[PDB]
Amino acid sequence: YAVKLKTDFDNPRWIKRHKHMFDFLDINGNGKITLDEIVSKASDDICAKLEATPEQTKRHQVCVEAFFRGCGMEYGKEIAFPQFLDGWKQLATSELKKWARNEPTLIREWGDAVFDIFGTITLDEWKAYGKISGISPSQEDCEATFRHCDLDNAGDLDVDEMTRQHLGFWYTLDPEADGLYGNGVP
């Protein structure tokens, strides 16, 4: 499949996908999130539970920082959803230009850092990620991810494929990427 490159930023389904994610990040329900919180979730929570090495944690942090700065986040900056979504439009545009240029995207580099903590991850690793990050705590959802994606010869997921899927899921609302997270993310 050719990844869908055209954006669809006014589609209510793309809005809802990021709204779901925003509200998941807004744990205290006050309508605003900060880079501080996102990086703490990355480093203090996820990497600790995954038992990442100090270096892996740092590398992952740098990637999370760059990724979310790309959507307008910053330390001490309290962002509400409309500005966050505007940031995602900018991130998606920038990422697609990199993709066109065959330059690694920030979503790819984040994936590299996640995968390294685990270029392939197993279903059981993905199920753990889903619980620890909280993005997909249902193991059935994680099974759906693996059904959905094109897997390697062992039934494992490669970062190139996950990145293709994430371009379509997070940036372009590619129908080929629908269901990447099962019912865990709309």
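Note that residue numbering follows the sequence shown and begins at 1.
In the deposited sequence, the stretch from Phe118 to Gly119 hides 4 to 9 residues that have no coordinates. Look at the mean CA B-factor for 33 to 41 and for 151 to 159 in the entry; the higher one is 151 to 159. Comparing 74 to 82 with 97 to 105, the stretch with the higher mean C-alpha B-factor in the PDB entry is 97 to 105. Of the candidates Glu65, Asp141, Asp26, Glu51, the deposited coordinates give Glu51 the top C-alpha B factor. When all modelled residues of the chain are sorted by CA temperature factor, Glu176 is found within the middle third. In the deposited entry, the Cα temperature factor of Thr122 places it in the highest third of its chain's modelled residues.
In this PDB entry, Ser136 carries a Cα temperature factor that places it within the middle third of its chain's modelled residues. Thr57: CA B factor lies in the highest third for its chain, per the PDB record.
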